[PDB]
Amino acid sequence: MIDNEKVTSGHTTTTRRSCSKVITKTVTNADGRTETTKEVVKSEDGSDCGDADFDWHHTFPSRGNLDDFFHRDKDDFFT
């Protein structure tokens with residue numbers, strides 16, 4: 012119903028790399044259409060953002076959850 016993409020309000024993100032940021036949105040429409048938006052950017056230096064990694068992401072067919080937890084942030088205990 013409502014064949015129209017919502018306004019999709021969101022920070023739209025801006026910084027990538029300094030923190031782990033992976034954006035994959037794959038839309039499969041049984042009508043025969045298929046678009047794939049993929050953007051993997053992982054800090055190539057250091058690798059320690061948000062006390063570990065800002066946002067985790069994962070790989071969903073279209074949308075539903077990150078199989079992790081957005082805004083991830085916690086102390087890695089102490090080896």
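Take the sequence shown: its letters are residues 12 to 90, numbered as in my numbering. We put the beta carbon where it would ideally sit given N, CA and C, even for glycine.
- For the pair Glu46 and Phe71, the Cα-to-Cα distance works out to about 14 Å.
- Here the region 19-37 makes contact with the region 64-81; the two share three or more CB pairs at distances below 8 Å.
- Take the alpha-carbon of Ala41 and the one of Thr48: they are about 18 Å apart.
- Where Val33 is concerned, the enclosing beta strand (DSSP E) starts and stops at 32-40.
- Take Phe80, set aside five residues on each side of it, and the residues of its chain with a beta-carbon closer than 8 Å to its own are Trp67, in chain order.
- For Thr47, the enclosing beta strand (DSSP E) stretches over residues 44-52.
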